[PDB]
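See below for the structure under consideration.
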Amino acid sequence: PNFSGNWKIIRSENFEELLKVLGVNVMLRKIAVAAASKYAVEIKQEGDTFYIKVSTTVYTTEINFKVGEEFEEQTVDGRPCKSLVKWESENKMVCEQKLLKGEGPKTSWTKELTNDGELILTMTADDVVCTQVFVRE
Ligand SMILES: *C/C=C(C)/C=C/C=C(C)/C=C/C1=C(C)CCCC1(C)C
């Protein structure tokens with residue numbers, strides 16, 4: 001697996017619907033969909049250690065984890081969570097999340113490197129799955 005690279009988004013499906021499940025009101029959902037059309041993901045992978053920087057026009061966030069080791073990040077709508085990533089196959093990993101405080105939809109994400117050289121991210125809230133596709137810059 002070489003997830004390492006600078007990835008730029010080419011497709012985003014069901015992102016508004018995901019944010020809706022997560023309780024974001026309609027005007028902000030539209031504004032967020034618009035910010036997603038631009039966004040980039042930078043990955044540095046060494047073995048099962050990952051560094052990920054996600055950036056839009058005005059905001060940037062870093063995720064650091066090792067596969068199989070609990071870490072803390074935030075859900076899509078911004079609520080702090082405990083996360084745990086496991087491999088599902090050679091080139092796909094899955095992250096399950098648990099809220100630090102309170103309750104809400106069951107969230108997760110996956111990241112896959114396809115044979116055609118695309119990165120596929122999925123983000124899930126309950127029954128709704130957002131799929132985003134990236135290519136290397
Ligand atoms: C492996 C890559 C991951 C886990 C990327 C996660 C990216 C997000 C959770 C970004 C979500 C966004 C918003 C919450 C609002 C603006 C649009 C996005 C897509 C940057």
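Every heavy atom of this structure was used, including side-chain atoms; hydrogens, water molecules and symmetry mates were not. Here, residue 1 is the first one in the sequence, and each next residue gets the next number.
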Which residue pairs pass the side-chain hydrogen bond (donor to acceptor under 3.5 Å, both in side chains) test when at least one of the two sits in residues 76-93, sequence neighbours left out?
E72-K82, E73-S83, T75-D77
For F3 and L113 the tightest heavy-atom approach is CE2-N, 3.6 Å
Are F50 and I63 close enough, and set up right, to give a side chain to side chain contact (heavy atoms under 4.5 Å, CB included), and what steps lead you there?
CA-CA 8 Å; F50 287 79; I63 304 166; over 6 Å; no
Cluster check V33, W109: I/L/V/M/F/W/Y, side chain < 4.5 angstrom:
yes
Working to the nearest 0.5 Å, report the span between CD1 of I31 and CZ of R29.
12.0 Å
Spatial distance of atom OG1 (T131) from atom CG (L18) [nearest 0.5 Å]
10.0 Å
Check whether any side-chain N or O of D126 sits under 3.5 Å from a backbone N or O of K106 as a donor-acceptor pair, and report yes or no.
yes
Those residues at least two apart in sequence (or on a different chain) that pass salt bridge (charged side-chain N to carboxylate O under 4.0 Å, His left out) with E118 are none
Between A35 and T56, the two heavy atoms sitting closest are O-CG2, 3.8 Å
Shared ILVMFWY cluster between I120 and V67, side chains joined below 4.5 angstrom?
no
Other residues, nucleotides and ligands only: do more than 12 of their heavy atoms fall within 6.0 Å of CD on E137?
yes
Rounded distance [0.5 Å steps], CD1 in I52 versus CG in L121:
9.0 Å
Could you pull out the closest heavy-atom pair between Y39 and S55, with the gap in Å?
CB-O, 3.2 Å
Check for me, please, whether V133 and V94 land in the same ILVMFWY cluster - side-chain distances under 4.5 Å, paths through other members count.
no
Nearest 0.5 Å, please: how far is OG1 in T60 from NZ in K53?
4.5 Å
Min side-chain heavy-atom separation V41-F134 under 4.5 Å:
yes
Donor on one side chain, acceptor on other, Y51 and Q45, under 3.5 Å
no
Pairing donors with acceptors under 3.5 angstrom, does anything connect the side chains of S108 and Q97?
no
How close do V21 and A125 get, heavy atom to heavy atom, and via which atoms?
CG1-CB, 3.6 Å
In the structure I gave you, are the side-chain heavy atoms of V135 and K8 within less than 4.5 Å of one another anywhere?
yes
How far does CG of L28 sit from CG of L19, to the nearest 0.5 angstrom?
9.0 Å
side-chain hydrogen bond (donor to acceptor under 3.5 Å, both in side chains) partners for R11, two or more places apart
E13
Does any part of the side chain of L22, heavy atoms only, come nearer than 4.5 Å to the side chain of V76, both counted from C-beta?
yes
Side-chain touch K98/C81, heavy atoms, less than 4.5 angstrom:
no
Going by the side-chain contact (heavy atoms from CB on, under 4.5 Å) test, name the single residue among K66, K44, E69 that passes it with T49.
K66
Any chance you could lay out the side chain to side chain contact (heavy atoms under 4.5 Å, CB included) test for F71 and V85, step after step, and finish with the verdict?
CA-CA 9 Å; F71 64 104; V85 171; 3.8 Å; yes
Apply side chain to side chain contact (heavy atoms under 4.5 Å, CB included) to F15 and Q132, showing your working.
CA-CA 8 Å; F15 186 51; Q132 294 176 331; 4.1 Å; yes
Provide the closest heavy-atom pair for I9 versus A36 in the form atom of the first, atom of the second, distance.
CG2-O, 3.5 Å
Side chain to side chain contact (heavy atoms under 4.5 Å, CB included) between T122 and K111: does it pass, once the steps are laid out?
CA-CA 7 Å; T122 79; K111 190 186 303 290; over 6 Å; no
